[PDB]
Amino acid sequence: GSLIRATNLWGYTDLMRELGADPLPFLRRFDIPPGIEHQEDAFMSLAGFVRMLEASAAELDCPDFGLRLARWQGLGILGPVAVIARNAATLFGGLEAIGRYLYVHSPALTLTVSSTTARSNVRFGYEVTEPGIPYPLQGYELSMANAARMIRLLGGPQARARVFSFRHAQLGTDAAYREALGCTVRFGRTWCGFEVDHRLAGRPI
């Protein structure tokens, strides 16, 4: 089964404590080594991680778990791939380098970067593909809240996607999504990801 960089666990302990829950029984349940959160260059089971996020959200009645966990994460969780991104010439180049090398973060993640004459914007379509996992709802929300953070780091602090899209229906509150994502958020759609207009995409880092 695919691994994912254990930086994607950053904040797990802190958030679980914030919610009054003990993180250790969850980590043991999903076969995530305790302490791996703070072990640089370590990697964890993607399947165990996505299931743990679901379990945390369900059992603590925290529908915005993944959105909230992003506050401890952002671009730095990409480790070597962040170094590459920050070195690009423009926001488009930084995001497209993340896409090219996202397998280094996890082989189960695919980013498709597309622009067409027929539609506005550059689209960043995102997929988690791993044999046998439940649909990773909390994982997708964590991924998009992280992406909004990456856009602000690479694009400057007023930078925003034009839209975020999810495959699932809205779970958390309107306020939760607006605070994490900002822009227009579309739910229940055929694709997951975000779009950036060409003005922003062309902005130098």
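One rule holds for the numbers: they count along the sequence shown, beginning at 1.
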135-143 set against 36-44, stretch whose average Cα temperature factor tops the other in the entry: 36-44
Stretch with the higher entry mean CA B-factor, where the candidates are 14-22 and 183-191: 14-22
Per the PDB entry, maximal CA B factor within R162, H168, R178, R149: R178
Options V128, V113, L102, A89 - largest CA temperature factor per the record: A89
Among modelled residues of the same chain, the CA temperature factor third for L3: middle
